[PDB]
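The chain below stands alone and is given in structure tokens; this is the form deposited in one PDB entry.
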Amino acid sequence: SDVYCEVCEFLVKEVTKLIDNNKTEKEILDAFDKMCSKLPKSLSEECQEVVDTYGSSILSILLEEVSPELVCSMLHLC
């Protein structure tokens, strides 16, 4: 059914721009660092550092690679 495939593709694309907001990027980045406080000491002064340094870039790039057509195919909508 081409209509359910279409709707599914709209849905997947909609998720992609919703995580893409800066409000979500901050929530996620803030919620990390906390994961790091579950450590040291030395391995929490380099966990925060690395989250800070690479995190923004990792987040926007993982969104870019999302295949709507693939998500929807593994649901059997497309």
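Shifts are known only where both forms have a C-alpha. Residue indices: 1-based, along the sequence shown. By rigid core we mean the largest C-alpha set that fits within 1.5 Å across both forms.
The form deposited in another entry is left out here; the points below concern that form.
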property	result
Threshold 2 Å Cα movement between the shown form and the other one at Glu9, rigid core reference	no
Sense of the change in Cα distance from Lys38 to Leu62 in that other deposited form - at least 3 Å versus the shown form	closer
Regions of at least 3 residues displaced between the shown form and the other one by 2 angstroms or more (CA, core superposed)	21 to 56
